[PDB]
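Take a look at this single chain in structure tokens; it is the form deposited in one PDB entry.
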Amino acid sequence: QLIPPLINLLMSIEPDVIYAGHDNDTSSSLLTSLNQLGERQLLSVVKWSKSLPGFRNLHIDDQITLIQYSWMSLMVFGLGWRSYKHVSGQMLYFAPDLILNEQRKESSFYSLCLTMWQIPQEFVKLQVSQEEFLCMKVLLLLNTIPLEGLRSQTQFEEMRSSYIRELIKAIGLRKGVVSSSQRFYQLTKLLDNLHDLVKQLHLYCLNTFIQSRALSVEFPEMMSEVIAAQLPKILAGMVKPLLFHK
């Protein structure tokens, strides 16, 4: 085998296809369908984390916290991948039954789609491999901690270092001390920049949630709890984002 066993393991634990449940055209039905997709994505991330090496060994509260912190980040990062893989970055591939092209219009909603659109464009530009993406995804899950830190801070630190090492192996699959180091800068800078992007997504999400009755948008129960319980404190800056570059 020439692909490292951890990257191989990560490949094997990747989620199956997730459908939004959409009727194959208003922003209420769209948001409702995006919310259903959100619920299914959250369930998928939680199940995925049960098989992710190192993660089940963290304190249970740390696990829950890290999944809640990174819910939106992992969704948008997965959106970037699918859009890149299936439509060359030129549509937003939320799910096989929810693909948004030459916009499906004019509002705040479609402005946030253009912000989300930056990530697929960046995957196309950088030509991210699946091996790189899988290691970057675990680092995204581990990319923010509480201000007081985690209960299992030592285990968390070791797990982060292991996957940073695995991203470097991932980068090594394709040559040269200066080019592989430049590419590490570029890939870890993309992760840094996601904090600023995801902040815009969290804000719109929480606003939309608190006026959901007025907008006629149904918010499923599991994702409502992450939104209700975490997004206010996150938006307020009551968490510590982790950066690779000062």
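Shifts are known only where both forms have a C-alpha. Residue indices: 1-based, along the sequence shown. The term rigid core refers to the most C-alpha atoms you can superpose between the two forms while keeping them within 1.5 Å.
Keep in mind the form solved in complex with a partner chain is missing from the figure; the text below concerns it.
In summary, the region of this chain contacting the partner chain in the entry with it bound, judged by heavy atoms within 4.5 Å and restricted to 158 to 166, 130 to 138, 114 to 122, 67 to 75, corresponds to 67 to 75. Remark: all three candidate residues (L43, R56 and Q63) come within 4.5 Å of the partner chain in the entry with it bound, counting heavy atoms only. Proximity of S49 to the partner chain in the entry with it bound falls within the 4.5 Å heavy atom cutoff. The Cα shift for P15 between this form and the one not shown, taken after rigid core superposition, is smaller than 2 angstroms. The pair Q230 and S111 is at least 3 angstroms closer at the CA level in the entry with it bound than in the present model.
Note: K233-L194 Cα separation is 3 Å or more shorter in the entry with it bound than here. Taken over residues common to both forms, the rigid core alignment between this form and the one not shown yields 105 to 108, 209 to 213, 223 to 237 as runs of three or more consecutive residues whose Cα atoms shift by 2 Å or more.
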